[PDB]
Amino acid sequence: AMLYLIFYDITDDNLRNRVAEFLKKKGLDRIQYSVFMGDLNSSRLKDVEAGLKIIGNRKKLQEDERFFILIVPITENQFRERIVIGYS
């Protein structure tokens, strides 16, 4: 199974919490408030994608509202090469 990184930007608190809860239930590792990672085969990737699409299956109501999820395959080595920047 390939490793995936999942990043999201969801302004609605309710929808964001649904996404976080869903990804946790799928067994993905949470690495930041809005970032998860984990291994997914074809079946599990399809389930994740379908669930996330259902959560986003609505219309935006205000121009500054965002709902965006990016799922990208990565390798363990690439993840080890990551740079994380925070307050310092």
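Residues carry their position along the shown sequence, with the first being 1.
- Relative to its counterpart among 59-67 and 46-54, 59-67 has the higher mean temperature factor, C-alpha atoms as listed in the PDB entry.
- Residue 80: CA B factor lies in the highest third for its chain, per the PDB record.
- In the PDB entry, residue 19 places in the lowest third of its chain by CA B-factor.
- Split the chain's modelled residues into thirds by C-alpha temperature factor. Residue 4 is in the middle one.
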